[PDB]
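Single-structure report; data block below.
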Ligand SMILES: Nc1ncnc2c1ncn2[C@@H]1O[C@H](COP(=O)(O)OP(=O)(O)O)[C@@H](O)[C@H]1O
Ligand SMILES: [Mg+2]
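Protein chains in written order, with the deposited numbering: chain B, 1 to 394; chain D, 1 to 300.
Put into C-alpha cells, the structure is as follows:
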C-alpha cells in the first residue's frame, strides 16, 4: 500500500500457475493453477453432492477436475484464450482470492522475453479498460529474479511450466542480444511423460488426466546426473520402480520414466525439438558474451522457475557445464579444470523468485509517478503509453 | 505335429488355386512364386516365357549328381508321365502342367505335385531297394549329399540295405542337445517289436566309410540303419523311404522343440522360487478392496 491507500498488487500470471500477492511481501499470498474448467458428465465418474458452478476457475477448478473439462488460458506465455483469461483474472481479484477494488489499485505484471507485442498490448488494454486499474507496470522476468536474489549480475535460467528462457544481465545493463528462449518446459515434459506412460499401457487422454500426470511428474520424476549410470540402473537393477496411486484408485508403476521425461530439457531431440539442451544453450549464451563478462557470468548462474526443482538438476547442470568447458575452452586439459569455478545459485524458494523480485521492485517504486503507467495516460494515448517502459509501440 | 510331413503346402495350394481358376473357366493370370524347403531345396513355380497358360514347377536339390546317374529317373518318369519336361535353366527337375489339358480328378496330380522333393529322393533311393530285391550282392553303394556338410551313405547287399547318416549341427546349443538326442536313439527299439537295427557312433566312423568320400570328422555323428527285407519290400518301402528321408529334419525339429519344452518347466520353477521369496514380505494388516479394473470399491 502506498501513501494514497491504493494497494500495490503483484501478479505473476504464469502459463502453468498464478502467484499473486502484495508488494513487500515475503511469500506469494495465493499460488493456484491457471486453468478454467466447465462442468461435464462422464460415464465413468459419479458425483452428486458437491455444488459445481457453471464456471470453476483456479484452485477449485483443479481440485474438482474429475467432474470438469479444464483448459489453460495461457500457452508458451502467449494468451491463446482471452475470455478464459478474463475469467481467471476476475477470479484472481475476486472475493475468494485477493479481494481488492481494482478501481483504486496499482498492479505489477510480468511477461517472458521475446514475446509478440500484441500480447502485452492487449493485456494492458484489458487491465485499463475492463478492470480500470489506476496504474500498471510490466517488468522483465529475469530482472525480477535478480531483484529477488539480490544481485546486479548473473545469467537467469528461468524455466517455468510454459517456456524456458536464459537471460544474462551484467552490472545492471541488460544484454538483449543474448536472451535465448527454448520452448521446452514443464508442459512438454508432462506430455513426454504421458507418451512414456502410454508405452506402459496407461492412457491419460482427458483434460483432467493432464493434471494427474503433472502431479506424478512433480512427485516421482527427477533429472539424472550421469545418464549412462542412470540407464545402467534402469536396465540392470530394479531400484527405480515406484508406485503412485491415481485419484480414482488405480496404482501405476513408474520406473526409468522418472529420469527420461525431465531429460528432454538437456536432450531436446527426444521430443522432436531440433536444438541444444538447457546446459549447452546456457554455455553458448555465455560464450556469446564479451570476454570480460564470461568469468563473472559463470559465477552467478541463477536458477528460477518451478521446472528447475527436479531432484539433482543443479548438480547435473554444473556437471554438463564443466564438461562443455573442459572440451571447448581448455581443449582437453584436465589439470586446468580444477581452476574452473562455477556457482549455480539455486535458492530454496526458487519456485517464486519472479514474484519476490516483483514485490521488491514494487516496494521500491510504489510512491513514484514516472514509474507506473497511469490510466489518464492510457485514455490520452492508448496503447502508446507502453512507451514509458522502453518498449516502443505506436 | 510329431512326425514331419513329406508334402509341401505351398505347391499344393498354388496348383489347386490355379486348377480351380482354370476349371471354372476364368482367364488365367500370371504366376511367379519362388520358395524353399528343408535341406536347402529351392522351388520355383512360374510360366515358360510369359505363357500364362502353362505352369512350370522346377526344383533345385543338393544331390545334383546322384539324380543324373543312369536309372535315377525311373520313379520320376513313372509317377509324372508327360508332366516331366526338361529342367529349367538353373534348376534340376521340372514339371509342366498345361492348364487346358488337365485331366479329371485334379486332386491326384496336385497330391503328387506336392511330393516332388520326396519323389526325387525316392527315385535315387529305390535303385538300391531293387539292387537288393533282385538278389544281387555287391551292387553299387553311393553317398547322397542330401545336405551341404552332411551325407547319407547308402549300400545294398544280398540281404540288407545299410544307410549311414553322417550328421552335424550348426549351432553350439544344437550340438550339445544333439549329442543327447543321438545318444538316446538306440533306446527307441524298445517301443516296437520290429524296428531296424540302429547303431550310433561318434568316436570313430564305421567300416563302411573307409573307401568313400562321406563326411567324416571329430564333430560328426554316425547313425547306421540296417533295413532288412521286412522294411524294404514292395509293400512297406514307402514308409521306410519317408522316414529315412525326413530323419535328419525330424531330429532337428525336435531338438528345436526341446527348448520350448524346457522353458515351461523353467517358468514353473521360477514361480516356485518366487513363492519361497514371498515369505519375506510382511502380510498387510488391512487391504483396500478394489474392482476388476482396480478403482476404489465405491461401496462397503
Ligand atoms: N518440483 C517440481 N519438479 C518438477 N517439475 C515441477 C515441480 N514443480 C512444478 N513443476 C512444473 O513446473 C510448473 C510450475 O512452474 P511455475 O514456475 O509455477 O510455472 P509458471 O511459468 O506458470 O509460473 C508446473 O506446471 C509443473 O509442470
Ligand atoms: Mg514464471
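We treat Cβ as the ideally placed atom computed from N, Cα and C, and that holds for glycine.
Item to complete: With hydrogens ignored, establish whether the beta-carbon of residue 141(B) is closer than 7 Å to any heavy atom of ligand 2.
Response: Residue numbering aside, residue 141(B) sits at position 141 when the first chain is read from its first letter. For ligand 2, at least one heavy atom lies less than 7 Å from the Cβ of residue 141(B).
Discussion item. Rounding to the nearest angstrom, what Cα-Cα distance links residue 73(B) and residue 378(B) in this structure?
Written reply: As a working mapping, residue 73(B) is identified with position 73 in the first chain. As a working mapping, residue 378(B) is identified with position 378 in the first chain. Cα-Cα distance, rounded: 25 Å.
Worksheet item: Can we count residue 174(B) as close to ligand 1, meaning its CB is less than 7 Å from some heavy atom?
Response: Within the first chain, residue 174(B) is the residue found at index 174, counting from 1. Taking 7 Å as the cut-off, the C-beta of residue 174(B) does not count as close to any heavy atom of ligand 1.
Practice prompt. Return no unless some Cβ of chain D is closer than 8 Å to the Cβ of residue 41(B).
Written response: As a working note, residue 41(B) is residue 41 in the first chain. Chain D contact via Cβ: absent.
Item to complete: Give the straight-line distance between the Cα atoms of residue 258(B) and residue 347(B), rounded to the nearest whole angstrom.
Response: For this step, residue 258(B) is matched to residue 258 along the first chain. For this step, residue 347(B) is matched to residue 347 along the first chain. Spanning the alpha carbons of residue 258(B) and residue 347(B) requires a straight line of approximately 24 Å.
Fill in: Contacting residues, own chain, Cβ-Cβ under 7 Å from residue 76(B) (five flanking each side not counted)
Locating residue 76(B) in the first chain gives position 76, counting from the first residue. 15, 162, 163, 183, listed in sequence order.
Discussion item. Distance check for residue 298(B) and residue 286(B), CA to CA, integer angstroms please.
Written reply: Along the first chain, read from residue 1 onward, the residue named residue 286(B) stands at position 286. Along the first chain, read from residue 1 onward, the residue named residue 298(B) stands at position 298. So the two alpha carbons sit approximately 8 Å from each other.
Worksheet item: Which chain D residues are close to residue 250(B), counting only those with a beta carbon under 7 Å from its beta carbon?
Response: Here the question's residue 250(B) lines up with position 250 in the first chain. Taking a Cβ-Cβ cut-off of 7 Å, the neighbours of residue 250(B) in chain D comprise 294, 295, given in sequence order.
Item to complete: Mind listing, in chain order, the continuous alpha helix (DSSP H) runs of no fewer than 4 residues lying wholly within the segment 38-118 of chain B?
Response: Complete alpha helix (DSSP H) runs here, min 4: 59-63, 82-92.
Practice prompt. Please check the pair residue 216(D) and residue 166(D), which I expect to be a contact at CB under 8 Å, by giving their CB distance rounded to whole angstroms.
Written response: Translated into the one-based positions of the second chain, residue 216(D) becomes position 216. Translated into the one-based positions of the second chain, residue 166(D) becomes position 166. Their Cβ separation, rounded to whole angstroms, is 7 Å, which keeps residue 216(D) and residue 166(D) in contact under 8 Å.
Discussion item. Going residue by residue through the segment 302-349 of chain B, where are the continuous alpha helix (DSSP H) segments of at least 4 residues, counting only ones entirely within it?
Written reply: Listed in chain order, they are 313-328, 334-337.
Discussion item. Tell me which residues share the same chain as residue 42(D) and place their Cβ nearer than 6 Å to its Cβ, disregarding the 5 neighbours each side in the sequence.
Written reply: Within the second chain, the letter at position 42 stands for residue 42(D). Hits under 6 Å: 36, 60.
Discussion item. Check for me: the alpha helix (DSSP H) holding residue 289(B) runs from which residue to which?
Written reply: Indexing the first chain from 1 puts residue 289(B) at position 289. According to the DSSP assignment, residue 289(B) belongs to no alpha helix (DSSP H), since it is labelled neither H nor E.
Practice prompt. Assign residue 261(D) to buried or exposed, taking buried as 16 or more other Cβ atoms, counted over all protein chains shown, within 10 Å of its Cβ.
Written response: For the purposes of this step, residue 261(D) is identified with residue 261 of the second chain, where counting begins at 1. Classification of residue 261(D): exposed, given that the 10 Å Cβ count is below 16.
Discussion item. Please state whether the Cβ-Cβ distance between residue 131(B) and residue 92(B) is less than 8 Å.
Written reply: The sequence position of residue 131(B) within the first chain is 131, counting from 1. The sequence position of residue 92(B) within the first chain is 92, counting from 1. Taking a C-beta distance under 8 Å as the contact criterion, residue 131(B) and residue 92(B) do not qualify as a contact pair.
Discussion item. Just verifying my parser: in three-state terms, what is the DSSP assignment at residue 80(D)?
Written reply: Here the question's residue 80(D) lines up with position 80 in the second chain. Residue state, collapsed to three classes: helix.
Worksheet item: Just how far apart, CA to CA, sit residue 22(B) and residue 9(B)?
Response: Along the first chain, one-based indexing puts residue 22(B) at 22. Along the first chain, one-based indexing puts residue 9(B) at 9. Residue 22(B) and residue 9(B) have their C-alpha atoms roughly 4 Å apart.
Discussion item. Let's see if you can read the secondary structure: which residues bound the alpha helix (DSSP H) around residue 16(D)?
Written reply: Locating residue 16(D) in the second chain gives position 16, counting from the first residue. Run containing residue 16(D): 9-23, per the alpha helix (DSSP H) assignment.
Worksheet entry | Within-8 Å CB hit, residue 290(D) to chain B | If you number the second chain from 1, residue 290(D) lands on position 290. At least one beta carbon of chain B lies nearer than 8 Å to the beta carbon of residue 290(D).
Practice prompt. Using three-state DSSP, classify residue 206(D) as helix, strand or coil.
Written response: Within the second chain, residue 206(D) is the residue found at index 206, counting from 1. Coil at residue 206(D), not helix or strand.
Discussion item. For residue 250(B), tell me which candidate among 204(B), 217(B), 117(B) has the shortest Cα-Cα distance.
Written reply: For this step, residue 250(B) is matched to residue 250 along the first chain. Checked all of 204(B), 217(B), 117(B); the closest Cα to residue 250(B) is 204(B).
Discussion item. Less than 8 Å between the beta carbons of residue 301(B) and residue 345(B), yes or no?
Written reply: Position 301 of the first chain holds residue 301(B). Position 345 of the first chain holds residue 345(B). It is a contact, given that the beta carbons lie within the stated cut-off.
Item to complete: Kindly indicate which residue of 166(B), 220(B), 122(B), 108(B) has the alpha-carbon position closest to the one of residue 276(B).
Response: Along the first chain, one-based indexing puts residue 276(B) at 276. Looking at the Cα atoms, 166(B) is the closest of the given residues.
Discussion item. Does the beta-carbon of residue 138(B), which I'm using as the reference point, lie nearer than 7 Å to any heavy atom of ligand 2?
Written reply: Within the first chain, the letter at position 138 stands for residue 138(B). Outside the cutoff, so no.
Discussion item. Quick check: does the Cβ of residue 358(B) come within less than 7 Å of any heavy atom belonging to ligand 1?
Written reply: Taking the first residue of the first chain as position 1, residue 358(B) is located at position 358. At a cut-off of 7 Å, the beta-carbon of residue 358(B) does not count as near ligand 1: no heavy atom of the ligand is closer than that.
Worksheet item: So, helix, strand or coil for residue 122(B), using DSSP?
Response: Working through the first chain from its first residue, we reach residue 122(B) at position 122. For residue 122(B), the secondary structure class from DSSP, reduced to helix, strand or coil, is helix.
Worksheet item: If you measure from the CB of residue 12(B), is any heavy atom of ligand 2 nearer than 7 Å?
Response: Within the first chain, residue 12(B) is the residue found at index 12, counting from 1. At least one heavy atom of ligand 2 is found less than 7 Å from the C-beta of residue 12(B).
Worksheet item: Alpha carbon to alpha carbon, how far is residue 382(B) from residue 228(B)?
Response: Within the first chain, the letter at position 382 stands for residue 382(B). Within the first chain, the letter at position 228 stands for residue 228(B). If you draw a straight line from the Cα of residue 382(B) to the Cα of residue 228(B), it is about 57 Å long.
Discussion item. Taking a contact to mean a Cβ-Cβ separation below 8 Å, would you say residue 71(B) touches residue 18(B) in this structure?
Written reply: The sequence position of residue 71(B) within the first chain is 71, counting from 1. The sequence position of residue 18(B) within the first chain is 18, counting from 1. No.
Item to complete: State the start and end residues of the unbroken beta strand (DSSP E) segment that holds residue 237(D).
Response: Start at 1 with the first residue of the second chain, and residue 237(D) comes out as number 237. For residue 237(D), there is no enclosing beta strand (DSSP E); the residue is part of the alpha helix (DSSP H) that begins and ends at 237-277.
Worksheet item: Run through DSSP, which three-state label would residue 183(B) get?
Response: On the first chain, residue 183(B) is found 183 positions in, with the first residue counted as 1. Residue 183(B): coil per DSSP, three-state reduction.
Worksheet item: If we count Cβ pairs, one from each stretch, closer than 8 Å, do we get three or more for the segment 152-159 of chain D versus the segment 181-191 of chain D?
Response: By the Cβ test, the segment 152-159 of chain D is not in contact with the segment 181-191 of chain D, since fewer than three Cβ pairs between them sit closer than 8 Å.
Worksheet entry | Every unbroken beta strand (DSSP E) within the segment 87-123 of chain D, with a cutoff of 3 residues, ordered by chain | For the segment 87-123 of chain D, whole beta strand (DSSP E) runs of length 3 or above, ordered along the chain, are 93-98.
Discussion item. Please classify residue 315(B) as buried or exposed, where buried requires at least 16 other C-beta atoms within 10 Å of its C-beta.
Written reply: Residue mapping note: residue 315(B) aligns to position 315 of the first chain, counting from 1. That one is exposed.
Worksheet item: What residues are listed by DSSP as bridge partners for residue 221(B)?
Response: Stepping through the first chain from its first residue, residue 221(B) is reached at position 221. Residue 221(B) is not bridged to any residue.
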